[PDB]
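See below for the structure under consideration.
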Amino acid sequence: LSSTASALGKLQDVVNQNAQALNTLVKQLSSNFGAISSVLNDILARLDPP
Amino acid sequence: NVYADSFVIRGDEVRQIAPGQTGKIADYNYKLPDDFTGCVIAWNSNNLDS
């Protein structure tokens, strides 16, 4: 266990997968989705209500 | 029940009397809601009003 590197891969992979899911979820906020900007306050500031 | 509002306004301003519009008359005189607002009827009464 001390020497082998990939011994605990099964647990390491679940923690990695969960962290990856969360990071992709958060990084998604910066996505545009076709809107003129990616920030709510920015859009509210620069354009009219409708 | 239905309400009818009435006013006399200039042709360029008639365009402002629509939901989601902005402008001197829409902002200060008669703010139409940013929602449903029923039919807007206008006719050119230049003979009587001018």
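Ordered as shown in the structure tokens, chains take letters A, B, and onward, while each chain numbers its residues from 1 and ligands are numbered from 1 in the order shown.
All residues of protein, DNA or RNA that reach within 12 Å of residue 10 of chain B, judged by only C-alpha atoms and not counting those fewer than 5 positions away in the chain, are residues 15, 16, 17, 25, 42, 43, 44, 45, 46, 49 and 50 of chain B.
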At most 9 Å is the cut-off: for each residue in chain B with any atom that close to an atom of chain A, write down the nearest atom pair and the distance in Å rounded to one decimal, counting only C-alpha atoms, chain first then increasing number, as CSV.
residue,atom,partner,partner_atom,distance
B:19,CA,A:50,CA,8.9
B:20,CA,A:50,CA,5.7
B:21,CA,A:50,CA,8.5
B:22,CA,A:48,CA,8.6
B:34,CA,A:50,CA,7.3
Checklist entry - In Å, with one decimal, what is the gap from atom CA of residue 23 of chain A to atom CA of residue 5 of chain A? => result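 Computing it gives 24.9 Å between the two atoms.
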Next on the checklist: Between atom CA of residue 18 of chain B and atom CA of residue 41 of chain A, what distance in Å does the model show, to one decimal?
Outcome noted: 25.6 Å
Item to check | Contacts of residue 29 of chain A at 9 Å (only C-alpha atoms; same-chain gap of 3+ positions) as a PyMOL selection string | outcome: chain A and resi 25-26+32+38-39
Checklist entry - Looking at only C-alpha atoms, which of B:2, B:13, B:48, B:8 is the one that sits closest to residue 27 of chain B? => result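 Of all the options, B:13 lies closest to residue 27 of chain B.
From atom CA of residue 4 of chain B back to atom CA of residue 35 of chain B, the distance works out to 16.6 Å.
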